[PDB]
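Enquirer: Experimental coordinates follow, after the sequence.
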Amino acid sequence: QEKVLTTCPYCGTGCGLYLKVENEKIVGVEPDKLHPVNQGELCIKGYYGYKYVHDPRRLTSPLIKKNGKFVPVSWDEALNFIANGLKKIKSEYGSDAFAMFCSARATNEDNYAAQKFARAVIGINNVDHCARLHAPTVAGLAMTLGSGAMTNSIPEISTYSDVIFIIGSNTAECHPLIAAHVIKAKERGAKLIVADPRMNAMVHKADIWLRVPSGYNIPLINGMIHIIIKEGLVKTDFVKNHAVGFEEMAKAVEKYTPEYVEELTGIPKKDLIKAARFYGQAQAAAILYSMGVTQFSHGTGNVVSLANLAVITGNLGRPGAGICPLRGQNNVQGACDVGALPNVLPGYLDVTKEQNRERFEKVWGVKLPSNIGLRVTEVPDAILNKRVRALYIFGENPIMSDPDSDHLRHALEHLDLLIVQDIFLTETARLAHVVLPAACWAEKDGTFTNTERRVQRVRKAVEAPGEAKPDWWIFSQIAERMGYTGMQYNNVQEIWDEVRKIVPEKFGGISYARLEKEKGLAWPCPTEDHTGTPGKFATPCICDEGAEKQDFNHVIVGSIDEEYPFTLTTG
Amino acid sequence: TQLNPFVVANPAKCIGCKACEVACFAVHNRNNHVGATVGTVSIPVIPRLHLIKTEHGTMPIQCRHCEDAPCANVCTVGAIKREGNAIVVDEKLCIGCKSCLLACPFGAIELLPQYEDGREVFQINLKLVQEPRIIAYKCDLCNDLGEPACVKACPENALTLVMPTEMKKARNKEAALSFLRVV
Amino acid sequence: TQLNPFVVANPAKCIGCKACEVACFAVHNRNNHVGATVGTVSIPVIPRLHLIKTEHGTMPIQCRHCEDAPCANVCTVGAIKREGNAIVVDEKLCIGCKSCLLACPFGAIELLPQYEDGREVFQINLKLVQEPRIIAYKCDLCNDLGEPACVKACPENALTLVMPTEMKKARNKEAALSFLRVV
Amino acid sequence: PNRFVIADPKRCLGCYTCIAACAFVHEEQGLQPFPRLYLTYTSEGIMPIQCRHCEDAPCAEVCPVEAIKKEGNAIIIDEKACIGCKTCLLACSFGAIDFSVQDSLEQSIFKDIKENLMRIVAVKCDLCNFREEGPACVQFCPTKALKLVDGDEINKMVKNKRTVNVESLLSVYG
Ligand code: SF4
Ligand code: SF4
Ligand code: SF4
Ligand code: SF4
Ligand code: SF4
Ligand code: SF4
Ligand code: SF4
Ligand code: SF4
Ligand code: SF4
Ligand code: SF4
Ligand code: SF4
Ligand code: SF4
Ligand code: SF4
């Protein structure tokens, strides 16, 4: 009867989705024929992910733990309890009493509000998200190219035939529509080079299979680079115009030979020669990599090598070619543009520099701390050491997906005050202290930032069950109860306008009118009339660094038995 | 676009010793447990060039690598492809439809059983025993491997690799010099 | 083992008179009470080779009897076997799974109702009427009967039975004689 | 003759969308909620397998209650009269029949969806003849791997291949 445009929240690709609603309840989901990403077809989660919003077990009222059992309790006295608990812990031991766990499955306004109401209300740099476990990738790409995110745009990989190079192939079952473009790229001219230690559904369609054992892909790429250098397929103009040198990399790449990797990894010799030839003679090359490479301990130098391979060839900053990091959640990129890490500020600004702090005093509100906060891997140590008093589990269940679950479960017996603004079927809330109902993707009005840095909006279709309310008004109530200068969150539009105002250099033209007219925009976009950057990100030149010139880092093979002869992996 | 080179034999000096076919067999089956010695070859012999002897002596004939190749175009399945400068048949997609033998007039293609990993390749549903897989064999210029083994295996070095630009230029130069030396 | 012979057509001498399909239909349906005379035929006509026409001529095509036959590999029941020198279909184990139509690139197999003893065969349990039984049809080189009947019925002798081994020898001899007469 | 559906393994990601759509359409219609299209993993390639509608069935010849019958242009199970005598499971060459039991589901995303959402009889692809649209499996596929073949598309493909072969043989060498 009524159709509402929305972005599918289940993975990071982002797709148009009409939520066919009838009698206030969702009855179906439809694809958008004019969307540039999915082109009118969705995976399993898009077609049958709407049966999650009206389960009979949805949390419909606030409850609190008085004597060990939760009791149905109205909102205002629960907010009183939260306010007095935060006030007493802040009076006792200061502002370091909590670490903020903002969800990776919430809109960018949620993360911005959480950061502000943890920094401009009490004041601490203790904000984290459970999507860090791709953390070295953003560090490596920033140190190599000066770019901290995706470079190219997804639909360009199928407009014309290119060479697609996959590292740790799991795209066939992690993003079931990006691999749809890769398969659809085969217009009798797209040519695939795949490298992974396992058997997937994508390698069986690959003309060339670079099956290499886990942890041995750095020698593989080093031998690949050695082959493409020995045959003289290096674009000399690109390296002589924008790069700082060539012989420094040559001093560390010549030690690996095709025979060396032949005896080291157990792969045929003609495959590497072939794959190097197809990468070299072709003018278009896109490097995909799935979760497999990103769950490795030594991924820093590996992604550095992946970026520098594209640097030495010249397939960067051009349409149809470029490196392609992939994110595993809808709003991971929404946890980096705004501050969700203990050493970042909205606008990709580092809090360690006083210039990034002195630019906002009154436009932000209360004065901010200048110290680096607590990381997500360090706050269990503070819980065991009793150095932190509270924790904010928001919109997620960090007791199952995160590794080493038993340590966190044993750490969770530190019950002084716990706030879980979450949804049904979470054991953390059962182990928590205070539980508050929240709102899902179809109940909010916010924005999603996909892996391809495209910004779309979420439009509310169904009304909330019971007293479940969006978190913005929860945060505003808490801040007003403690006492905040002014009163925020009149609507989501004011919050997004404030985001546009605070950082106009990155995105100041991402308003509701353009997203209503256009099919989403991708930052940077410093003005309203600009059409966005993408398949360039910012590089047309490899000069996103402050020095306007990229550098290199020399790589080396690392180190890891009879007791455990079998390597265990997961996806 | 470059003209495909092709090896050719010299009937004037050829003896018919059949020492170039065996080298071709040894160099093509390097993945079938061969150690450049007799006794390690437990598989039958399959050559690529074929020797024919008639009243005007003996000569080996092989694939000329036709520019307007009929063998590639008649092949409906698409087994024969021009991957490099030379023409090479692919053994993965070939089904044995003998129409190639209706195309090539020289006749350098033979349908023979396949052999991999020192064993004969069996099929799924054929006849009660199973039947061998028959594949197309022809010369592929040894572009995938190194320098062709048919060269420097002949005792008198009869067969030579020629590509028709240098031969044409040499013949034209010789004709011009002979014409100018008389006038 | 010996390579399976297959009948081929010469399009330059064929007219399209459709006198080759009729002979094949007559010679394979002796159990359906035909006496080499129109009027005793109480069965719909089904031939084995099929004639088509394009702008550049007319000819029939038929089964090429591929050595690595895709139609035999696709069939999971195993009705298609190489009973003799040729490859044949069995009408007793066929179930009608049309996947063999998706395998043969030449399209020489057709799924049609089976006719025996002058009457249409009927399946036991299907729908209220009884559904007919459908069997594949393709050239089987007349192995059970005598010489191929498509040949000796064509007025222009466009149809020829070829042996893919002797023909290669003839082509080799002709190529050698042509090359040696010039050198 | 009969209409069926075929999936070339060149463009099948194993994304489990067709399987879930086939299950849920049959669930919301009022039939068994179990999928009738099985994903199989092999050494070289992944292809969904369903009931290629055999023109002699080898199924209605083994059913003792006469439940399986030809309707329209397909083979229909007629679930109401089926008793569970696992005889058609022996006589199916491709293995296109599974039985409506919870343990018949392999561990995958579809199992997680069906357990977070919430008679034993033989279920078979009925080609979605009750729906005015085409088959659900061919319609929801992200890469359009599956395709429905009719009685006339087979003839068109056969004629196209035959004409291409004849024209190539004429053009290249007689
Ligand atoms: S690809 Fe991702 S965003 Fe698109 S429909 Fe599937 S789960 Fe939703
Ligand atoms: S025998 Fe092999 S190469 Fe020759 S036409 Fe048939 S498939 Fe092609
Ligand atoms: S196989 Fe025969 S027709 Fe084909 S390129 Fe070689 S010589 Fe020419
Ligand atoms: S070039 Fe190679 S394949 Fe051809 S005849 Fe000589 S050795 Fe054999
Ligand atoms: S090795 Fe030389 S002499 Fe002997 S058959 Fe070959 S070409 Fe002739
Ligand atoms: S129709 Fe007959 S010959 Fe064809 S695949 Fe089925 S059983 Fe085999
Ligand atoms: S039916 Fe077709 S595929 Fe099978 S052997 Fe005959 S020509 Fe080859
Ligand atoms: S050889 Fe026999 S079966 Fe084949 S087309 Fe001729 S008459 Fe028919
Ligand atoms: S009988 Fe001979 S001439 Fe007549 S249609 Fe058949 S092949 Fe052509
Ligand atoms: S919908 Fe298509 S791609 Fe997905 S599993 Fe089914 S056949 Fe494969
Ligand atoms: S299980 Fe059902 S369909 Fe199969 S034979 Fe028994 S009654 Fe017939
Ligand atoms: S269940 Fe199997 S044997 Fe029966 S009709 Fe379907 S594919 Fe054929
Ligand atoms: S046609 Fe319908 S019942 Fe058959 S597999 Fe496809 S969706 Fe399932």
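Expert: Structure received. Numbers count the residues shown, from 1 in each chain, chains lettered A, B, ... in the order given. Ligands and ions are numbered 1, 2, ... in the order given.
Enquirer: would residue A:392 count as being in a strand?
Expert: Yes: if the criterion is DSSP: H, G, I helix; E, B strand; the rest coil, then residue A:392 is within a strand.
Enquirer: On the strand side of things, show who it bridges to.
Expert: Per DSSP bridges, the residues bridged to residue A:392 are residue A:100, residue A:419.
Enquirer: May I have the residues that are in contact with it?
Expert: A:98, A:99, A:100, A:101, A:102, A:114, A:118, A:419, A:421 (CB atoms under 8 Å, 6 or more residues apart in numbering or on different chains). Any C-beta I mention is one placed from the backbone N, CA and C, and that applies to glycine too.
Enquirer: Could you report the separation of it from residue B:64?
Expert: Plainly put, residue A:392 is 78 Å away from residue B:64 if you go by CB to CB, to the nearest Å.
Enquirer: And the contacts of residue A:392, which two are furthest apart?
Expert: A:99 and A:421 (15.1 Å; CB to CB).
Enquirer: Put together JSON lines for the contacts of residue A:392, with distance to ligand 12 on each row.
Expert: Converted to JSON lines, the contacts of residue A:392 look like this (distance: CB to the nearest ligand atom, whole Å):
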{"residue": "A:98", "distance to ligand 12": "61"}
{"residue": "A:99", "distance to ligand 12": "58"}
{"residue": "A:100", "distance to ligand 12": "57"}
{"residue": "A:101", "distance to ligand 12": "52"}
{"residue": "A:102", "distance to ligand 12": "53"}
{"residue": "A:114", "distance to ligand 12": "56"}
{"residue": "A:118", "distance to ligand 12": "61"}
{"residue": "A:419", "distance to ligand 12": "56"}
{"residue": "A:421", "distance to ligand 12": "52"}
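Enquirer: Now residue A:364: closest residue in space, sequence neighbours ignored.
Expert: Excluding its sequence neighbours, the residue lying closest to residue A:364 (CB to CB, 6 or more residues apart in numbering or on different chains) is residue A:120, at 5.9 Å.
Enquirer: For that neighbour, which residues are in contact?
Expert: Shown in contact with residue A:120 (CB under 8 Å, 6+ apart): A:364, A:365, A:366, A:368, A:484.
Enquirer: Kindly write the ChimeraX command that selects the buried subset of those residues.
Expert: ChimeraX command restricting the contacts of residue A:120 to the buried ones, with burial defined by 16 or more other CB atoms under 10 Å in any protein chain shown:
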select /A:364,365,368,484
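Enquirer: Need the contacts of residue A:120 in a markdown table (columns: secondary structure).
Expert: Shown next, in a markdown table, are the contacts of residue A:120 (three-state DSSP):
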| residue | secondary structure |
| --- | --- |
| A:364 | coil |
| A:365 | coil |
| A:366 | coil |
| A:368 | coil |
| A:484 | coil |
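Enquirer: of all the contacts of residue A:120, which two lie farthest apart?
Expert: A:368 and A:484 (14.4 Å).
Enquirer: Can you say which helix or strand has the one residue in the stretch 451-571 of chain A that gets nearest to ligand 8 in it?
Expert: Closest to ligand 8 within the stretch 451-571 of chain A is residue A:571: 55.1 Å, counting by CB to the nearest ligand atom. Residue A:571 is part of no helix or strand when elements are defined by DSSP states H and E.
Enquirer: That one reaches residue A:294, doesn't it?
Expert: No: judged on CB atoms under 8 Å, residue A:571 makes no contact with residue A:294 at a distance of 10.7 Å.
Enquirer: Do the longest helix belonging to chain D and ligand 3 come into contact?
Expert: Counting residues, the longest helix in chain D under DSSP state H turns out to be helix D:151-172. No: Helix D:151-172 stays clear of ligand 3 (CB under 6 Å from any ligand atom), getting no nearer than 10.0 Å.
Enquirer: Go through that helix and flag the buried ones.
Expert: Buried, per 16+ other CB under 10 Å, within helix D:151-172: D:154, D:158, D:162, D:165, D:166, D:169, D:170, D:172.
Enquirer: Please enumerate the helices of chain B.
Expert: Using DSSP H, helices in chain B cover B:19-28, B:70-74, B:164-182.
Enquirer: Just the CA trace of the longest one, in PDB.
Expert: Written as PDB, here are the backbone C-alpha positions of helix B:164-182 (Å, rounded to 0.1, in the frame of the first residue of the first chain):
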ATOM      1  CA  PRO B 164      58.400 -15.500 -43.500                       C
ATOM      2  CA  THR B 165      59.700 -11.900 -43.300                       C
ATOM      3  CA  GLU B 166      63.400 -12.600 -43.300                       C
ATOM      4  CA  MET B 167      63.100 -15.300 -45.900                       C
ATOM      5  CA  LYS B 168      61.100 -13.000 -48.200                       C
ATOM      6  CA  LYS B 169      63.600 -10.200 -47.700                       C
ATOM      7  CA  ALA B 170      66.600 -12.400 -48.400                       C
ATOM      8  CA  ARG B 171      64.900 -13.800 -51.600                       C
ATOM      9  CA  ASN B 172      64.000 -10.400 -52.800                       C
ATOM     10  CA  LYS B 173      67.600  -9.100 -52.200                       C
ATOM     11  CA  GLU B 174      69.100 -12.100 -54.000                       C
ATOM     12  CA  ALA B 175      66.800 -11.600 -57.000                       C
ATOM     13  CA  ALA B 176      67.600  -7.900 -57.100                       C
ATOM     14  CA  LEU B 177      71.400  -8.600 -56.900                       C
ATOM     15  CA  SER B 178      71.200 -11.200 -59.600                       C
ATOM     16  CA  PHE B 179      69.200  -8.900 -61.900                       C
ATOM     17  CA  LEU B 180      71.600  -6.000 -61.300                       C
ATOM     18  CA  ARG B 181      74.700  -8.200 -61.900                       C
ATOM     19  CA  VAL B 182      73.600  -9.000 -65.400                       C
END
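Enquirer: Quick check: buried residues in it?
Expert: Quick answer for helix B:164-182: no buried residues (16+ other CB under 10 Å).
Enquirer: next one: phi and psi at the residue of chain D at minimum distance from ligand 3?
Expert: The minimum distance from chain D to ligand 3, using CB to the nearest ligand atom, falls at residue D:173 (9.0 Å). Residue D:173 adopts backbone torsions of phi -160, psi 130, taken as degrees, to the nearest 10.
Enquirer: which residues touch it?
Expert: Counted by CB under 8 Å, 6+ apart, residue D:173 has contacts B:70, B:74, B:102, B:103.
Enquirer: ok, now residue A:287?
Expert: A:165, A:166, A:167, A:306, A:309, A:310, A:322, A:323, A:324.
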